[PDB]
Amino acid sequence: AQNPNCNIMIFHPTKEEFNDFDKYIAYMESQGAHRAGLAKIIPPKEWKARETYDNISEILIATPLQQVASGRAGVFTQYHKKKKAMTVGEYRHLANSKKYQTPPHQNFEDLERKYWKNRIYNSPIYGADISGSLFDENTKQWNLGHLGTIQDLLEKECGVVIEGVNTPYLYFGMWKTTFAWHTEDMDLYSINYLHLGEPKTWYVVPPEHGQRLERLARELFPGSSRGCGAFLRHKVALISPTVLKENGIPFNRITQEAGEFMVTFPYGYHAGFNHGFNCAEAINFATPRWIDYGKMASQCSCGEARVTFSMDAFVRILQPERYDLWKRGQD
Ligand SMILES: O=C(O)CNC(=O)C(=O)O
Ligand SMILES: [Mg+2]
Ligand code: NI
Ligand SMILES: [Zn+2]
């Protein structure tokens, strides 16, 4: 069995290998990459996402989110307070201001230490889940807005024909902006490209050990666990690496830099934070190996998780027994 320790693998495809997306995912899986839950892909040196970023300040962040924390430094939840709209220009200036800027630090390890120590005492502002793309239409390889759709995957594998569309989202981050422990909707894959700016640190639990994380989360957030049998779907809970190590939860960590892709694999729990002002683009996708994870994915039916239009058909086709209850949660 390849990669039995479930280490995060890093890949360096050639320009030739970068032509066929699906083929390269299948290659990474042949090497055991999926066992980690996350992989890094460094594009060939000849590739570019777009020519320049010179005009990105005119993008609108319609609903910036202030991420307010409650708990202790290593075990906390965050709620999103909606703020008034601002342009990317305005947001970048805010990120770089004395109140919000990255503190002086020696290296990534020191910054990680400062994050876990001090995150809860600040409320950074995140621009999330903004429909759009920053890939040039002429970028033909690994363009996140030109992937084959999840609907077409399910049609090809299973023969059914469903509504729904699948488009990318932009994320604008600053120091301490935080993504909580989660898997993807319907335990899909995700792919994330860091377009510009400062790094993003990721933590991941191997898919084969995801239920270990869920058990700890039930222990650490006991009121939340009574409210919902899949409350990590709410995307609000943080658990530090120190706490994970104390409770024997297997995980790995890696820092993504501008110009690099990360892939999350089905049922790979992940969490992380941004080092300073940055812009990422991400999208969900499917392969034939996903279908069995889609069929088994947990669902939030308490009403909190509320998700896209396109998830309806996935639940309806793959999880018909659950459909009625899940849709009462949506409606
Ligand atoms: O970049 C972020 O804030 C969050 N991204 C993801 O969880 C992802 O790409 O799967
Ligand atoms: Mg612009
Ligand atoms: Ni994700
Ligand atoms: Zn719920």
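Basis for what follows: all heavy atoms, side chains included, without hydrogens, waters or symmetry-related copies. Counting starts at 1 for both ligands and their atoms, in listed order. FYI, the numbering just counts along the sequence from 1.
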Take the Zn ion (ligand 4) as the vertex and measure to NE2 of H234 and SG of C300; round to 10°. 110°
Which angle, to 10 degrees, forms at the Zn ion (ligand 4) with SG of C228 on one side and SG of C302 on the other?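 Value returned, to the nearest 10°, is 120°.
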Atom indices of ligand 1, in the order listed, that fall short of 4.0 Å to a heavy atom of [X]:
X    : result
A282 : 9 (O)
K200 : 1 (O), 2 (C), 3 (O)
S190 : 8 (C), 9 (O), 10 (O)
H182 : 7 (O)
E184 : 10 (O)

Are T178 and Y126 close enough that some pair of their side-chain heavy atoms sits under 4.5 Å apart? no
Min side-chain heavy-atom separation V263-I41 under 4.5 Å: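 Counting from C-beta outward, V263 and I41 do come under 4.5 Å.
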Where does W202 meet ligand 1, judged by heavy-atom distances below 4.0 Å: at the side chain, the backbone, both, or neither?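 The side chain, only.
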Part of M262 within contact of ligand 1 (heavy atoms, under 4.0 Å):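 For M262, there is no contact with ligand 1 at all, from either part.
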When rounded to the nearest 0.5 Å, the distance separating SG of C228 from NE2 of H234 is 3.5 Å
Quick check: are there more than 12 heavy atoms from other residues, nucleotides or ligands sitting under 6.0 Å from NE2 of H93?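 No.
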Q106 atom CD, over 12 foreign heavy atoms within 6.0 Å: no
Decide whether a cation-pi geometry holds between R50 and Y53; the criteria are a distance under 6.0 Å from NZ or CZ to the six-membered ring centre and an angle within 45° of the ring axis.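 Flagged: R50 positioned over aromatic ring of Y53.
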Does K327 qualify as a cation-pi partner of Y323, given the criterion of NZ or CZ under 6.0 Å from the six-membered ring centre and within 45 degrees of its axis?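 Because its charged atom sits under 6.0 Å from the ring centre and within 45° of the axis, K327 does stack over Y323.
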For the side chain of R35 and the backbone of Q2, is there at least one donor-acceptor N/O pair under 3.5 Å apart? yes
Among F261, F172, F179, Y193, the residue with a heavy atom nearest to atom 4 (C) of ligand 1 is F179
Is a donor from one side chain sitting under 3.5 angstrom from an acceptor on the other, for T264 and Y189? no
Starting from atom 9 (O) of ligand 1, locate the nearest protein heavy atom and write down its residue, its atom name and how far away it is, to 0.1 Å. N192 ND2, 3.1 Å
Tell me: protein heavy atom nearest atom 2 (C) of ligand 1, and distance? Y126 OH, 3.4 Å
For the Ni ion (ligand 3), find the closest N/O/S atom on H270 and give its atom name.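 For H270, the N/O/S atom sitting closest to the Ni ion (ligand 3) is NE2.
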Is there a polar contact, in the sense of an N or O pair closer than 3.5 Å, between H270 and ligand 1? yes
What I want to know is whether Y171 and ligand 1 share at least one N or O pair that is separated by under 3.5 angstrom. no
Using the Ni ion (ligand 3) as the vertex, how large is the angle between OE2 of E184 and NE2 of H182, rounded to 10 degrees? 100°
Under a 4.0 Å threshold between the charged nitrogen and the carboxylate oxygen, would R233 count as salt-bridged to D187? yes
